[PDB]
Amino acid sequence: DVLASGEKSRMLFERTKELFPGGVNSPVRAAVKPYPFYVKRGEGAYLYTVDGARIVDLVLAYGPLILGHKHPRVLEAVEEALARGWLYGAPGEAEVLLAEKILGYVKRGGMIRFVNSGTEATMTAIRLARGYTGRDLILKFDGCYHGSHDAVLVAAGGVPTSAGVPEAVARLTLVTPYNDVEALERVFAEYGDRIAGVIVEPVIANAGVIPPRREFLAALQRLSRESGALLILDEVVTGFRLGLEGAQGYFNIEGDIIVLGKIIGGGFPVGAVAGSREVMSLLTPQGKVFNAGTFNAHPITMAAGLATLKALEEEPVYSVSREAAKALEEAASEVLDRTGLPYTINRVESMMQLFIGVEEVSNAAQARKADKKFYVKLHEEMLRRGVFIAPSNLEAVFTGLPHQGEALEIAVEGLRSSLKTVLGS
């Protein structure tokens, strides 16, 4: 009953094929079925296509929009900051207030460095772990996504998963299965003091959603501590979504370097690296680890981020978002439970994902066994119901403050009905 990609979108779609590689500026955007819809504007829980169709947004730009689109509070803060100019080339005030608030939640007494993307952030964290330890090796886990830079575009043979990445760079990155304590202990017994740092997502969000095993978390902290390797918690997604204290507070764990992003920018380009004074002091202009950026601590990003965190402390964002995701899971379960089809749903607060054909998903290997065809059809049916979920089973479904009342009702009805349609396909 809804046509997300209409004739206006069709025109733009054929038109951008000549302007951008693959027709888009980011891979995941091209997978939308039957073809990408173009957005005219966004507000609250909705995206509005150039043709006019209104769509409930369960993607939220893949994490940043926990407050929904064009949040009134953040909008007003940004409007006010805008009247003061948006770029200075020197220190501003908002960056100071945001740093203090962020550090108060993720690394009290530590320091922070603001960058412009999660990619720049994890890239900076890695260079920092190498500079601090004097080691080269970085350990990452299969299924974890850390951005668009050489060091993390690697898989176990360490070989490049993208072209243009020298074999020499790829060899310096190790890879083992997520949640695999056995393998984790083995790789450390195999490389020991040559490992500079261990980067990991406390909760995987780029291979569907996958919660961590308590033993995996404990092993990570213990092994990095005993070997001298820095534990890098990539909280670009988990930061400020799993509560104000993020993954560290949620799972009661500690990281040496905390990578932040998306939510802390209020919807504007952002990335950040936080750590103790001992580690952070290595960054230029204080130490030898280089990091610079024309847009670092961009005034508008700072202002939007501060307002966003302010809203997270004053509004029932976490409860509302948790309830929305819970309601979606219950709706999907109510329909699927009336079948003989195996499946599983992983959910951590406001982030979740459905996996068809398997009863358990505790790692990327299992996540990859899920029925892709079923999911893709589900994605398409949902759009036809006016609901937008990631076009890929390996992405995640995110809920936010606006997912309540009518918007939630539409999403829930859409999910029930889309499942039934796909089930009877």
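Sequential numbering from 1, following the sequence displayed.
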Missing residues of the deposited chain between residue 316 and residue 317 number none
If you average the Cα B factors in the entry, which is higher, 211 to 219 or 94 to 102? 211 to 219
Which is higher on mean Cα B factor in this entry, 20 to 28 or 5 to 13? 5 to 13
For the listed residues 308, 238, 291, 344, which one has the largest C-alpha B-factor as given in the deposited model? 344
Considering only 159, 112, 351, 304, which residue's Cα atom bears the greatest B-factor as recorded? 159
Comparing against every modelled residue in the chain, figure out the third that the C-alpha B-factor of residue 234 lands in (lowest, middle or highest). lowest
Select lowest, middle or highest to describe the third in which the CA B-factor of residue 225 falls within its chain in this entry. highest
Within this chain, which third does the Cα B-factor at residue 252 fall in: lowest, middle or highest? highest
Is residue 394 in the lowest, middle or highest third of its chain when residues are ranked by C-alpha B-factor? middle
How does the C-alpha B factor of residue 57 compare with the rest of the chain: lowest, middle or highest third? lowest
